[PDB]
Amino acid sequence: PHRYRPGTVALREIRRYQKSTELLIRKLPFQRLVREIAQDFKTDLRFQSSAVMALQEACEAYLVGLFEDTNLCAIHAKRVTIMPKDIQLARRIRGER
């Protein structure tokens, strides 16, 4: 009848995922999101399977990168919890906004 304290398992996951390289977003859901968006620029499109993978890789490398800068912004404000405000500042300094 035991539990790990808040954050212990979090650190454990940081360690696991920083060690691996597998894509972290489920494939099907992603392929579905991709085609939906594309459908708005041109209808009835077909995608090489590798084109969808390239997209998922870029997209996941971008988010992982964005979460690093966001973590830094949150720590800057003496917090340990990231918030929309942190993603906002990071994207602002990066000049994405």
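Numbers follow the displayed sequence, beginning with 1.
Which has the higher mean CA temperature factor in the PDB entry, 54-62 or 38-46?
Result of the comparison: 38-46.
For the stretches 29-37 and 63-71, which has the higher mean C-alpha B-factor as given in the deposited record?
Taking the mean C-alpha B-factor of 29-37 and of 63-71, the larger value falls to 29-37.
Where does the C-alpha B-factor of residue 79 rank in its chain, lowest, middle or highest third?
Middle third, going by the recorded CA B-factors of the chain.
Which third, lowest, middle or highest, does the C-alpha temperature factor of residue 15 belong to within its own chain?
Tercile = middle for this residue's CA B-factor.
Which third, lowest, middle or highest, does the CA B-factor of residue 24 fall in along this chain?
Tercile = middle for this residue's CA B-factor.
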